[PDB]
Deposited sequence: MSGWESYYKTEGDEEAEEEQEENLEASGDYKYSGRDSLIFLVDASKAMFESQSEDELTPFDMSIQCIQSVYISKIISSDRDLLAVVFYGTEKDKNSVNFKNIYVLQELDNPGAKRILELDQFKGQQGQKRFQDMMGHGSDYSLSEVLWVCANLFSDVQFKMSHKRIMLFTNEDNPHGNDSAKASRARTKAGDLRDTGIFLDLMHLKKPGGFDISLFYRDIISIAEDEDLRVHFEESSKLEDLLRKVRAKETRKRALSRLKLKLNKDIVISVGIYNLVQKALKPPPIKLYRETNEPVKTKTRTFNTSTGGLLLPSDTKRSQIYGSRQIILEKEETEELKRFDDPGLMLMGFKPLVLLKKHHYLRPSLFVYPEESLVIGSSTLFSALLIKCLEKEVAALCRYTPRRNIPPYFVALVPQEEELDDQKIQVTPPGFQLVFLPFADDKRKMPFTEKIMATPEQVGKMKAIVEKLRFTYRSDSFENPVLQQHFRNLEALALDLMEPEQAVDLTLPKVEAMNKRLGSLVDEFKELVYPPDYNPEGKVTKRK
């Protein structure tokens, strides 16, 4: 039930060679990020930190030039603090003096140490290096590494390469082509040169997809394909508090029971009924009946027809959209029909309208399956997955009437002044640009308490406008706009 991820870092001379961070610093910072994110999301995965090419060795079999900094275990405050000691130029000096660097290694021995950590769900090894063909000089080592790499793949251990920038480029075909595990259908990410790219590439391979529900998409009663529903967006919430025992700080289990006030005896679900008062009468239903009145259809997506995308209003948002992807494991032939529907919906700029029932005993909702074409960026990272955007449509009850206002329009001169202001404060929006101030502060607070620092780090609010910079960038445009709109007396 707990997946395992081992971060394997190269400590060769080139890893500490550059403005831009060294591939090593980039790796350390990337690992810390995963550690922190795994905490923010209360992830139960086990993390490990291993280094190779070091002068010092900390492996169980005393293999030369391999250092197991952190064994496979749940991330915590101390482990994050430990990784921070190797961050930056000062950290680079601390690492080299603590363990050494540029020492000769043997990838076969390195992989043995890693595999052994798993032995002591999903087993994954993430390698950070800017060295392609490290055993080019020693055929005996290169051959042993391939055999060991092959044995890991046969065992079920996934080996992913996080190749970092090297002068002339990093060539996968030279070595690692016969090491990395391929799930099969170019399909490989480009070399990382920026921390941001390394982070996304790592986090992309790290977390596995989790279906919110596996449902049937009914074209009609007879033609049924299987689909997976995925969230793609999930409200980042402050972890709920946990009850502890004052004297031992040990977590406490909580049982909520229901009993008759008079008798004091435990109440079975069959010992209670459901009530609602209307008019001047008490209306009694059984628990079974309160569920029955909620039932319409059966769980799934029932095709209603096709509605052109122009008829779907942007302001008719109700709740976050879901993602629909074919599930070949349930109904064979689902992906072919899905692909055809996707290809044609895109071509015709049309959406598939459906009556959606997420679970048993739930009223239906109208949804628009919006065709979504695949998109990869410069680094070959999947920005947009191919499939359908499940867009929830509001019922008449969900819409709210707006109060009356007379339409007052601005002059071309005023619109022009505002256009100049809009152009001045133009920027490139990216969905990953802002951090939740509340969450960030909450965990900075927990860090100070878990490590007994007594000083909480203060999070920098990225959501606050860069007021001073904006004012300087606008200059007199503000005073100009004001003179054209606002009266001297207000």
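When the deposited sequence is numbered from 1, the segments without any C-alpha atom are 1 to 33, 52 to 54, 157 to 161, 227 to 229, 535 to 544.
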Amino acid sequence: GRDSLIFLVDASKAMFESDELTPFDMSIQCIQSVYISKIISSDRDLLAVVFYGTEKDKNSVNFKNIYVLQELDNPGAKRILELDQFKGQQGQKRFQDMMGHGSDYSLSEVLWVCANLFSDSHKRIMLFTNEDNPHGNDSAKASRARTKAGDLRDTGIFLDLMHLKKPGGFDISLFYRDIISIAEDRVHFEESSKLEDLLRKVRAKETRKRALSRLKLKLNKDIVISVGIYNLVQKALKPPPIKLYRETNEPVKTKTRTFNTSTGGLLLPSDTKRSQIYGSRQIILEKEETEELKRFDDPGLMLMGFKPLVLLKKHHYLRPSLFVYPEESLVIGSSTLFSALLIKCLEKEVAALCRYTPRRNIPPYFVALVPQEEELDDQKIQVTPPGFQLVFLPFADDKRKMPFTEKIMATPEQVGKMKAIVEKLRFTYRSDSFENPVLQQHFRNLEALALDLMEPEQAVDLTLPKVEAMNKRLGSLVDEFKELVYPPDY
From here on, numbers count along this sequence of modelled residues.
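Notably, residue 266 is an intermittent gap: at least a third of the other compared entries of this protein, restricted to those modelling both its neighbours, have no coordinates for it. Modelled in this chain, residue 184 is nonetheless absent from a third or more of the other compared entries whose models extend past it on both sides. Just going by the entry, 450 to 458 versus 27 to 35 on mean CA temperature factor gives the higher value to 450 to 458. When the C-alpha B-factors of 349 to 357 and 370 to 378 are averaged, 370 to 378 comes out higher.
Going by the entry's values, 267 shows the largest Cα B-factor out of 232, 267, 227, 111. Listed residues 261, 335, 282, 321 were ranked by CA B-factor as deposited; 261 comes out on top. The entry lists a Cα temperature factor for residue 465 that places it in the highest third of the chain's modelled residues. When the modelled residues of the chain are ordered by their C-alpha B factor, residue 61 lands in the middle third. Among the modelled residues of its chain, residue 241 has a C-alpha B-factor that falls in the middle third, as given in the PDB entry. For residue 424, the recorded CA B-factor ranks within the highest third of the chain. Only modelled residues enter the ranking. Residue 85: CA B factor in the middle third of modelled residues in this chain (values from the PDB entry).
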